[PDB]
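K.L.:
model this:
(7 chains)
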Amino acid sequence: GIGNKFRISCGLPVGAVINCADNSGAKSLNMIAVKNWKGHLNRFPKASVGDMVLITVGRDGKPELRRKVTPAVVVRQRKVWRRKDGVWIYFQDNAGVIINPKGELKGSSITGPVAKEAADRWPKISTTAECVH
Amino acid sequence: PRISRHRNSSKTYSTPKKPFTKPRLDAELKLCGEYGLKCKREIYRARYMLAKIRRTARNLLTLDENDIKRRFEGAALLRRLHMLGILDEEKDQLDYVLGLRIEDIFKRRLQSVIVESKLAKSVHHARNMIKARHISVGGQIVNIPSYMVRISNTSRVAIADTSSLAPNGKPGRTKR
Amino acid sequence: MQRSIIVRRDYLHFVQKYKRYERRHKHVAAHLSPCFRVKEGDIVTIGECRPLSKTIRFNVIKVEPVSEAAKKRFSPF
Amino acid sequence: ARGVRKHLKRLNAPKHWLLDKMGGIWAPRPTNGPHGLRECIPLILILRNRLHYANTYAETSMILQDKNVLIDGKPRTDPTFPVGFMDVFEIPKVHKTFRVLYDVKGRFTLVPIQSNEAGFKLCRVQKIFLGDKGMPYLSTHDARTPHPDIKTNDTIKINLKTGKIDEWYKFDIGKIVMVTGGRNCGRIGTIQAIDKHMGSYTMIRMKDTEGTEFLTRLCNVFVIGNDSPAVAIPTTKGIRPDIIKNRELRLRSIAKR
Amino acid sequence: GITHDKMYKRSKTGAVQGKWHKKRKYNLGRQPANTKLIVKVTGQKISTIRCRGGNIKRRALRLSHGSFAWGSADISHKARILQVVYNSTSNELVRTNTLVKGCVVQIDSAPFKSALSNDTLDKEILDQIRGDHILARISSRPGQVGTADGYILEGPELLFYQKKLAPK
Amino acid sequence: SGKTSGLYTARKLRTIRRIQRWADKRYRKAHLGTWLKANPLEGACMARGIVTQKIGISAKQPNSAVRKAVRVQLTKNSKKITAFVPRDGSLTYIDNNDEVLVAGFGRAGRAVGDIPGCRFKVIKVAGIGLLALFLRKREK
RNA sequence: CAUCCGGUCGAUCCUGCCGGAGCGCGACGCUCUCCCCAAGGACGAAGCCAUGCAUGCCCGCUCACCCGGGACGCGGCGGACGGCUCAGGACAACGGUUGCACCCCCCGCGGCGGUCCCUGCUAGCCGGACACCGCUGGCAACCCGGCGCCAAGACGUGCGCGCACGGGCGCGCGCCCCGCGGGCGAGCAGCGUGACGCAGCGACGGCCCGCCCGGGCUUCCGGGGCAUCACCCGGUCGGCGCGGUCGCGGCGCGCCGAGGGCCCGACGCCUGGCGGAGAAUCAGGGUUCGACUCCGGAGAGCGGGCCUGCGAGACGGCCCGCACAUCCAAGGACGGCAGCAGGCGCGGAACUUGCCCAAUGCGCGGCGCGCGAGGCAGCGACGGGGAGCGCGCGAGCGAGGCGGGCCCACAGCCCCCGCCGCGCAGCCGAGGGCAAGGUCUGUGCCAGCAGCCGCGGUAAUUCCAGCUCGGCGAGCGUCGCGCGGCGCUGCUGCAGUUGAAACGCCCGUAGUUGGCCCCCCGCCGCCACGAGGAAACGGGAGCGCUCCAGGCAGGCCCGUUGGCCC
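P.N.:
Residues are numbered from 1 along each chain as shown, chains lettered A, B, ... in the order given. Below is the structure in question.
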C-alpha cells in the first residue's frame, strides 16, 4: 500500500463474502480478517475499499487457490463512503482482487469498475483496472 | 516437395523362406566357388530374376497362343534372353524359358566371359582384373564384374586399351 | 405430409468378401401435385427438382397404383 | 477454398504434355483464354521442349518478349498462353507454319502446313447464344465469337483474316470427322451414326476408313471438312496403329539408329 | 456473423451435425433492411451494398412513392403510395408500415383518377379511382432491388383481400 | 450348422465375423485397446525409467536360481515394471535409481522363461547398453 | 507365385494353442572400405518459443535528385496462389456419378460497342486535395502531431444518338396432349408494349457479352466401432407468406398442420477417427495401414466478429472475449515458427540459426528482380543398389593423397587425366527346432543360459573362458507392430456325441429361405459390350546410368520415342 489512507466508511466486516474481480479463477472470497486491525472488545474487524483482507476462496473456486488464507484488496463496496471532496460514492457490488503480500496480483485482469482508493493504494490495481471510479 | 522423394527403388534380392537348409546352403557355396560370387546376396539377385522371368512365361501360358498381349509380351521376353545370350536362340518358346537356371545368369557375367576368353584363366583372377579395369567391353572400360554382356559384345570384350596387355603405357609392376 | 410423399427406394449392395447381396432401403421425399392421387403400396416415378424444402429435391412426374396392398417383396424397381 | 489456384504441379499436369516426372516439381500453368487447361498445351513447351529452341524456360519468354511468334495469325506472345487444337502457329524467323494437331496416341503434334493451309483455321461451333442485345452469336473451340443456317457441333472455317464465317461444315452422318477427346484422340473417321436418347451424352458411332467402328462422346467430336479432310493431316490418317504395329516402327527406328 | 450454412441445422433424423468448419464468407447473410413506408412525405434513403464478386444491390430502408400499373387498362404511372393495408404474414408489420413484396398497400387515386371519365373500365377500380385510396399489392423486392413497384389489385385478389381487411 | 449361405444373407455373414472375431485371445489383445491402455510400454519398443530397487527373483521350478532383477518406475506412465537385468553379474553395473531403458522380454507382454512376473528386461543403464558394459565394449 | 518344424506321454494318435521359420518399418546395441540413391522431430505435446529470414514488383506522377541513371511517397498489380500440419469432422469430410431451367467468377481470350437530362458545360478535354517534402514538435519506447506547399492513367465532377439504358417492374404462346425455331429432352430465351430509375463510364472508352479457369452448392451409390446404446428429433418433418443470399433451400422469420426417423440397428455414445490415389504382406480369397509427395477437405493457441478485395469470415490482415506471454522510463506499448533453420518441453525416436534464385515454377509490366517456394551443399547404417579386403609367382590396382580437365549461382561430389599410390570386417550362434565340436577350462540348481522344449545338484554337447566350426555379411544382433504362418476367424474354408460349444421345451413377428409350372414382353436383378471421367503408382514396350538401384531417355531417328493396361 502506498501513502497515508483516509478513513472511509468500512462496509465489509469479517464474514462478508465478496465477489472476485480478478480472473485468477476464484468466484467468491470469504473475508477471514483485516490486515492492520487492532480492535476493541466485541468489535468485528471491518474493512473498506483499499484495505488488504485475508480471504479464503470458496467451494466454487479452483482447487489450487482453495484451502489457503490468501491476501486480497477490497476494490468496490456497496456501503456509501464520503470522499474528502464531498462525493458520496457507492458501487453495485462488493468486490476484491487477490494480491501477493508484496503488491503483485495473482490474476492478470480486474473485471468491472475499481475504486480510486484501491487504485491509489496499489499501483498494479491502477494499471490493470479499465475504469477507476 | 523435394523431387528426391519422387525417385524410386526396388528389392532385387530375395532371402530363402527356410534360412538354414544344409543341402541348399552347400550348393550355394559350390555356386559361389565356381562362379566367383562375393556373397549369397549376389546369388539372390540372379535367383529373383530367374523366378520373375519364368513366372512371366507362366502368366503367358494361361494366355491363348498369339493373344495380342501374349504375342507382344512373348516376343519381348524371348528376345531379351537370347539378346543377352541366356536362352537357346532357336527355341524362342515359353517352355524353353521355363528350364532356365541361375547358371545362365552367372554365364552372362563379364568376369565369367573372361575365363572362357582365357584372359584371366581364373574367375577369382577375372574378378581381380575387372576391379583394376584391365578388361574393356568394346571401348568401354568396366570396373564392375557383373556387366551382363549382351551376346554381340562377347566379340568386343578384350583386354583394356589402357596399359595392360599390349600396353598403352607402363602397367602395374613395370610401372612400380 | 400434405403435398409430400415418402418414396422407399429398395436396392441391393454386393459384398465381395462374401459373394452375396445385402438388401438395403433408402427413403426419399417427393413433392406431390393434387393431380396425383396417391395411396400407400403404389409405385411412383420421381424426377429431379431444385430443392423444394429441407428434405425434398425430388418431384413426382407419374404415379402407378397397384391393387389393394401387393405385399412388399423388396422390389428394386 | 480462398481464391483461384495459379499453379499446376508436374504430376497434376495432363499426360499429353509429357513433362518428365523428375527434374521439375511443377509444370507451367496455362492462362484463362481461347482454349481450356487440359484442352490446350503451353506455348513455352512447344518451343523450349518440343522444338528445343529455348535452352531454359525463361529464354522462351525472351524469344516472345520481342515479337517473334504468332498464334492464329495474331502475335499472342504470352509464354504460357494456351495453344490448343487447329491453331495456326508460325515461326517467321524459322519460316515454318504448323497446325497444332492431335497424334493417334492423343498427344499434341506440330505438323508443317502450306501458306494456303495457314490461310484458314478450323474451329467447332458451340451452342448459339442469344445475348448482346438480341444479335445472334455463336462461340468456337477457340472461344472466338453469324450465318443463320448453322447448328452446334459443325465446324466453321474462320479465315483469321476476314474473321468471318467462310465454309461451314454441317454436323451430319458421313462427314469425315476428327475425335478431340477420349481414348482414341487423333483417329479420323466418318460418323456412322448418332443416338441422342433425348437426355444427355448423345452416343457417337464412327466408321473409320479401315472398317473399325470407333466411338466417343458427341461433345468431343470435331468436324474436319464437310467432304474430305480440308486440312493438312499428319501422316497417320488416324489409322490407329496397334501396340505391335508400334513395336515394329520402334524396332525399325532402333535398326536405323 | 449471420449465415445460411446448413451445418448449423440438424438432420432429417433430428441428429446433431459435427461442425467441420468456422462460418465462411460465401454462406454469409446480412441484416434484413426493413423498407419503411415514409407515410406523409413532408425521405427516400436507399442504401447500396457491396455483394460477392464486387456486384451491387440496392437496399431500400425508408421510401415513399413508386411506379404502379393498372393491369386491366394496361396503363402504368408513378403513384404517391399510402399506408400498407395487410401483410399476409403478420398484423404487426402492417401497423409498423414495413414494406415487403406481397404486402397490400393503399395508393392515391389522383394520378389514376383520369380513368373516372372513361366508363365500363371494370367496376372495382372505378370505385377506388373515385375514392382517395386504391387497393394495390407490391410486386417488387423493396429490400433487394431497392425499388417498390407494384400492381393495382384487380379482380380476384382484390375481391378476397377487400373482404379480409375492410369489413368490421 | 448351415453357416447362413444365401444370396441375400450377406449382412448376417458380416455380423457373425465381427462379433466372433473377438473370441480369439490374440485378436482381442491386439484390437480391444485394453493392452494399449494397460501396457507399461504402451505402443513403445522401450522406455526410460528409474530403478525402484535391485531385487533378485527366485526362478520357477524345476530351475533353481535367484535371477537378479530391478523394479523400475517408468517416466512416461509412472507405472512400476519388474525388469530382469541380463547376462552375468550385470546387476552390479546398475546402481539404485540409475537411468535405465527397458524393453519387453520378447513374448509381447508375456513372461519369458523361469523368471516369475517379468514382462520386460533391462536393455541400457545410464546411457550404456548392458551387453556393451558386459563385453566391456563400452565401460560405465 | 498353393511347403512347415519344435513343445501334454512310458510310448501312441488327436484336439488345442504356445514357440520357431520369412517379409515389411520403426526404435535399440555393436560395428561400417568406398561410390551411387535416399526417408528424415507424424507417431496420447495442433505444447511453447529467443534469434535471422519466408512477397514483393514496377513507375502512373518525378520539381528533389539529376540526365532519364532515377530514389521518396502516393498509384497499379500480387500478397486468397505458395509453404506447413492432420487438430477437428462418422449419413459429414472424401471418391466415382450428376444437376444448376437455383447460381458467382479478376486476369486472359474472342467479340459488341447510339448512354435522356432540365441542364450545366472547360469538354481543344475540367476540379479540389492531399501525401511526399520542407517548417516547427512530442514520446522512455512504440507511434504520430500541427503548420506551409505542390503532383498523378489517384480521386471527385462532366457534355454523350429516345432499338437513350444497369436494375427491378405491369402487360404481352396456348384448347385433351404430342411432334419448326435463336433454341432445348422440357414456357427457356430475347424482345415488343406501357411505366420507373438515372446505374455504369467520362477528363487516354468501357459500358457489356460469351468461352474458359476455378469456386458455391447439388444428385446418386459407396462411405468406423458399440445393443452393458431400442427407441429417437422437436426447426425436428411437411405446407404457406416474406425476408436474406451469388443463388436453391427451415437458410432466418411469422403462420399452418403433424410429421420425419428406426432390429435393412435409428438415436445416443466412443474413436492414441483426415479421406481417397495408394502402401505393407501375399497361390486364390483375404488381412492390415492410410501423418507426409498427388488430389480433395480442415485449421492456423483458443473461441468469436470483421473490413479490404474479383475472390479470405485471411490470422507472416484487423478487432474483441479467454489463456499464456514480451518491451518498459511504470506512464504505456506489443504478440502467435501446425513457413525455414534453430531453441525448449516431451517421447524409445528424428537433420544445418547452411548457401542461391541459374534452372523448376510463380509474382510483377516486353526489356530483371523478388521467393527458408524450389534448387544446391551439410548432417544422415530409415532404407535401396553397386563394387572391396585380393591376386599372382610376382602380375596389378582403387581406397586414398596432390595438381589439373570439367562440373557447378559459385563451390563441391562423381568421372576423366598425369603423379603418388597406406586392402581395410564384423555380428549372432554350434543339445535340438536350426547350419556348426561324442575337444580342454573354470563353476557346481550357484553364477548364469534358455523366444520354445530344455541345460547347470562336482565327469555341463546348453553357463564363464580358450580352441575349433557354422550362418549371414559392411552389415549382424535386439525390442515393438502389421502380414503371412493360422482352413487358430473359415465367402472360398472351421468346429459343437465324447477335446470349447444345439438355447430345457414350444408358439412366434421381423429376418432369411422358399416344389414344380406359362418359352417368346414389361420392369427386375444378372451377364457381356461400349462411352466418359489426372498422373505418379503396379505392370509393361523401347533404351547400355561403365554394371546396377536408376531415368524416359536417346540417336546420324514412327511426324525419334516415352505405347498399352490399371
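
K.L.:
where does the residue in chain A positioned nearest to chain B sit relative to residue D:53, distance-wise?
P.N.:
The nearest approach of chain A to chain B comes at residue A:108, 41.1 Å away (C-beta to the nearest C-beta). Placement of C-beta: from N, CA and C, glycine included. Going from residue A:108 to residue D:53 by C-beta to C-beta, to the nearest Å gives 67 Å.

K.L.:
Same drill for those two, tell me which one is more crowded.
P.N.:
residue D:53 (16 against 9; other C-beta atoms under 10 Å in any protein chain shown).

K.L.:
and that one, what is it in contact with?
P.N.:
Residues near residue D:53 by C-beta atoms under 8 Å, 6 or more residues apart in numbering or on different chains: D:47, D:60, D:63.

K.L.:
again, but for residue D:212
P.N.:
When contacts are counted by C-beta under 8 Å, 6+ apart, residue D:212 touches residue D:240.

K.L.:
Next up, phi/psi of it, please.
P.N.:
Note on residue D:212: backbone dihedrals following degrees, to the nearest 10 are phi -90, psi 120.

K.L.:
swap in the one 4 residues further on?
P.N.:
Backbone torsions for residue D:216, taken as degrees, to the nearest 10, come to phi -160, psi -170.

K.L.:
The nearest residue to it once chain neighbours are set aside: neighbour count?
P.N.:
Nearest non-adjacent residue to residue D:216, counting by C-beta to C-beta, 6 or more residues apart in numbering or on different chains: residue D:182, 4.2 Å away. Neighbour count for residue D:182, taken as other C-beta under 10 Å: 16.

K.L.:
Double-check residue D:182 against residue D:220; I have them as touching.
P.N.:
Yes - assessed by C-beta atoms under 8 Å, residue D:182 is found in contact with residue D:220 at 5.3 Å.

K.L.:
separation between the most far-flung residue of chain C relative to its centre and residue F:30?
P.N.:
Distance from the centre of chain C peaks at residue C:17, with 29.5 Å (C-alpha atoms, centre = their mean). Remark: distance between residue C:17 and residue F:30 (C-beta to C-beta) = 20 Å.

K.L.:
Can you get me a residue count around residue B:81?
P.N.:
What residue B:81 shows, counting by other C-beta under 10 Å, is a neighbour count of 21.

K.L.:
In a helix, it, correct?
P.N.:
Yes - counting by DSSP: H, G, I helix; E, B strand; the rest coil, residue B:81 is part of a helix.

K.L.:
In space, what's closest to it - neighbours in sequence excluded?
P.N.:
Nearest non-adjacent residue to residue B:81 (C-beta to C-beta, 6+ apart): residue B:87, at 3.7 Å.

K.L.:
for residue A:82, same thing?
P.N.:
Nearest non-adjacent residue to residue A:82 (C-beta to C-beta, 6+ apart): residue A:88, at 5.3 Å.

K.L.:
How many residues are close by the one you found?
P.N.:
With other C-beta under 10 Å as criterion, residue A:88 counts 9.

K.L.:
List the contacts of stretch E:150-158.
P.N.:
With C-beta under 8 Å, 6+ apart as the criterion, stretch E:150-158 contacts E:66, E:68-72, E:104-105, E:107, E:112, E:122, E:124-125, E:128, E:134-140, E:161.

K.L.:
Out of those residues, which sit inside strands?
P.N.:
Among the contacts of stretch E:150-158, DSSP state E puts E:66, E:68, E:69, E:70, E:104, E:105, E:107, E:134, E:135, E:136, E:137, E:138 in strands.

K.L.:
The second one is in contact with residue E:82, isn't it?
P.N.:
No - under the contact definition of C-beta under 8 Å, residue E:68 does not touch residue E:82, with a separation of 11.4 Å.

K.L.:
where do the helices sit along the stretch 51-200 of chain D?
P.N.:
D:58-65, D:115-119 (DSSP state H, counting those that start in this stretch).

K.L.:
if we compare those helices, which one ends up closest to chain F?
P.N.:
Closest among the helices of the stretch 51-200 of chain D, once you apply C-beta to the nearest C-beta, is helix D:58-65, at 50.9 Å.

K.L.:
Quickly find the element holding residue B:51.
P.N.:
helix B:40-61 (DSSP states H and E).

K.L.:
That helix - contacts with which helices or strands?
P.N.:
In this structure, helix B:40-61 packs against helix B:22-34, helix B:68-84, helix B:94-98, helix B:102-107, with contacts taken as 3 or more C-beta pairs under 8 Å, 6 or more residues apart in numbering or on different chains; DSSP states H and E.

K.L.:
distance between the ends of stretch E:117-130?
P.N.:
10 Å (C-alpha to C-alpha, to the nearest Å).

K.L.:
whoops, stretch A:21-40 was the one
P.N.:
31 Å.

K.L.:
Now that stretch: buried residues?
P.N.:
The neighbour-count check on stretch A:21-40 (16 or more other C-beta atoms under 10 Å in any protein chain shown) flags A:21, A:22, A:24, A:25, A:26, A:28, A:29, A:30, A:31, A:34 as buried.

K.L.:
what do you get for stretch F:22-37?
P.N.:
residue F:29.

K.L.:
And stretch F:108-117, by the same measure?
P.N.:
Per 16+ other C-beta under 10 Å, stretch F:108-117 contains these buried residues: F:111, F:114, F:115.

K.L.:
quick one: secondary structure of residue F:70?
P.N.:
Per three-state DSSP, the local secondary structure of residue F:70 is strand.

K.L.:
thought it was touching residue F:53?
P.N.:
Yes - using C-beta under 8 Å, residue F:70 is in contact with residue F:53, at 7.1 Å.

K.L.:
more neighbours, those two?
P.N.:
residue F:70 (27 against 11).

K.L.:
in the sheet, who's paired with that one?
P.N.:
Taking DSSP bridges as the rule, residue F:70 bridges to residue F:54, residue F:83.

K.L.:
how about the residues of chain F near chain C?
P.N.:
F:5, F:6, F:7, F:8, F:9, F:10, F:11, F:13, F:14 (C-beta under 8 Å from any C-beta of the partner chain).

K.L.:
Can you tell me how far residue E:55 is from RNA strand G?
P.N.:
For residue E:55, the distance to RNA strand G (C-beta to the nearest atom of the strand, to the nearest Å) stands at 5 Å.
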